[PDB]
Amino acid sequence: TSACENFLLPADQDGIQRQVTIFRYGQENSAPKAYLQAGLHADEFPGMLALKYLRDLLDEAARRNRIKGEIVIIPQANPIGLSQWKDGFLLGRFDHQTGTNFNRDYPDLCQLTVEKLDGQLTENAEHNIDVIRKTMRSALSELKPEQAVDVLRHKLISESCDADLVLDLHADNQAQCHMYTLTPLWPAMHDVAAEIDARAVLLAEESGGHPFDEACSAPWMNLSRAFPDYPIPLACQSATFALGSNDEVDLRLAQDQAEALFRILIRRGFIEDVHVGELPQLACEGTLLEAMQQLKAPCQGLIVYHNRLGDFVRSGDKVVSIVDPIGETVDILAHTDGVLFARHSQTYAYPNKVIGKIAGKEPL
């Protein structure tokens, strides 16, 4: 019913080897392929519990012989970060050994495949998809990473680059459910945004230092541009789901998110003999990431919020203040109209700390 791989990473600075546990629910290399992972930031929990419950649903779908394609589930994509305790707190965002962000510095599969594809593309889009996916797998086989974190990033992209559907499950420090995707995959991924009840959908073609979701979807956009004489569709539809707050561990929520992910899999042809019915109403519009305001602390001090999580705020509104208990108070204003979909869990600032997010429409 379910295959299990334990992929072993090379030893860290303490001589410790870690494993990535990967579950597969379908026929290997079959039909449509889905990839779902959680816990790439090891201190972001909601996705971990949601995929535990999605597995319970898929075990039943497997027993009933209703799995159509290949579904790949990784509830804890980052066993390195998961071990990084300091003074009794888990710091799962950055790699101790390299200092790098776990959701950065993924391979650029356009840069790795453009030369190889020069003579292989044709007028048949489906053919180009198979050629590009095969080329991507070959290009990754040629890379030889040495550090556990680079080997981990390599494995995760090697197992996801040829998928039709990729969902990277994340969380923010204090936030409402929200989604990120590639600009041209909107509104294609309207259904997934609606099912997971995103309260913000943030669009970009190219963001920061090569995150996982863009590593999966961007290559199809960049290859389409590299080879404009050939049909290259956006074959891999990836998104990042921030499912809630980092510490939001709740049975009801995880079960509801597992059921939503199951409904997404049904709608996209991974499950048969199950009815989905009407798509839920999406509570927000897609906006550009560059139109999103990061609220930053201009100084150190207590973070005092004047708005609740999810409040609509307008340009000029006082949203948060930094209070020095032995000094001055500094007021921070909204510079755009939008929804305060994120704040922060730790209510003390250092200068340039991002302490909140407003999803607006006008680029900043």
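Quick note: we count residues from 1 along the sequence shown, nothing fancier.
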Once average C-alpha B-factors are taken from the entry for 228-236 and 69-77, the winner is 228-236
Assert higher mean C-alpha B factor (306-314 or 59-67, deposited values) equals 59-67
For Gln281, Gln294, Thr287, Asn173, the deposited C-alpha B-factor is largest at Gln281
Scanning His210, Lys134, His178, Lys86 for peak Cα temperature factor in the entry gives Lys134
Chain thirds by Cα B factor, record data; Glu159 belongs to the middle
Of the three thirds of the chain ranked by Cα temperature factor, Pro32 occupies the highest
In terms of its chain's C-alpha B-factors, the third that includes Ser217 is the middle
Tertile call for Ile196 (CA temperature factor, within chain, third-based) is the middle
Among the modelled residues of its chain, the C-alpha B-factor of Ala359 falls in the third labelled lowest
